[PDB]
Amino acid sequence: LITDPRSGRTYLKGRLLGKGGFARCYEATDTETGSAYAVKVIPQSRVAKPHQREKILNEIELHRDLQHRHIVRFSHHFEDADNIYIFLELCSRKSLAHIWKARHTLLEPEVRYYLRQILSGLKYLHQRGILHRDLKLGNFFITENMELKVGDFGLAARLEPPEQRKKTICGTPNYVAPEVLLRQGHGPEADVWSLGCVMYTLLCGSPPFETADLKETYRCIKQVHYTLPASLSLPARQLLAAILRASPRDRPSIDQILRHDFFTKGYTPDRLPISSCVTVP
C-alpha cells in the first residue's frame, strides 16, 4: 500500500524486505519522483515504553548525519500515531547475511574485499565517537555495485570512557565481545571483536563460538574457545588470533588490522561480480 507524512507526500510500499523484532521493512518509492528507499516501519505501540522510545530516537539521532560510502545513508523519518517510518539507503543486493545464507562461505579475496569496506565504515563511525555495537553479516548492506554499507544503528552508542559507559549486555550473542558479557560495556575494541567474528563466519561458514546453547557460547567467548580450520590461510588465522583476544586492549585497532599481512600481502578484487551474491565468483 501507501505511506505519507505532514506534507502529504506519498510513497508506494513495495515488497517486504524482512521483519524481526520489531520493525517491518519495505522497498518504498516516492510516488512523484520515483526515489527508492528501504523503509523501516516501526509501530508506535512497540516503542511506547521509555527504553524502547529512547532506543528508536537514539538510532535516528546517531544515524541522521552519517555520511560515508561504507555507511548506510539515513534519508529521513516521519511519524504518525501508528508508525515511525525510517527511510534509509536501499541496497539492491540485500545484506551479507543474505549472501552468507546463499554461499555459506566466501573465498579469502571476497572476505578481504568486504572486511576492507566494513573497516572503512567502522573507522568513520569510531572517528565520530559512535560505536556500532551490533556488527554482524545481517547489518552489512550490499548495493548493486557490490559496495558494502554498514547499517542498522538500532544499538549504536556514543563512545564513552570505561567508567562512564553503560554496562548493559546487548548485541548479537554470536558476535558479542567477552568484556560485554562481563558487564564492562562496549568500547571500540568490542566492535573490533565482532569483526573478528564476522571474518571467521565468512571464512568458515558459522560464527566462531556457535554452540547448541547460549550459555555454552558465552563460556566459549569468555575463554576464547574456538577452532581455527586448517584450510584457512596463515594470514587469516594470524589475523583471527590477534583480533579474538579476551582482553580488549590486546586487540588490534582498525589501522593495525589493515596493516596486517592478511590485507597487505593478499589479493583484493577491485569489484566482485553480482553473481557472487548467490554462487562462487
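The first residue of the sequence shown is number 1, and the count goes up from there.
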Report the stretch with the higher mean CA temperature factor, choosing between 3-11 and 272-280 on the basis of the entry. 3-11
Between 74-82 and 207-215, the record assigns the higher mean Cα B factor to 207-215
From the entry's CA B-factor values, the highest among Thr168, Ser120, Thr201, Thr143 is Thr168
Ranked by Cα temperature factor within the chain, is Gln223 in the lowest third, the middle third or the highest third? highest
If you rank every modelled residue in this chain by C-alpha B factor, which third holds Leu240: lowest, middle or highest? lowest
Split into thirds by Cα B-factor across the chain's modelled residues, where does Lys40 land: lowest, middle or highest? middle
Divide the modelled residues of the chain into thirds by Cα B-factor and specify which third, lowest, middle or highest, holds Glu61. lowest
Taking the C-alpha B-factors as the PDB entry records them, is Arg251 in the lowest, middle or highest third of its chain? middle
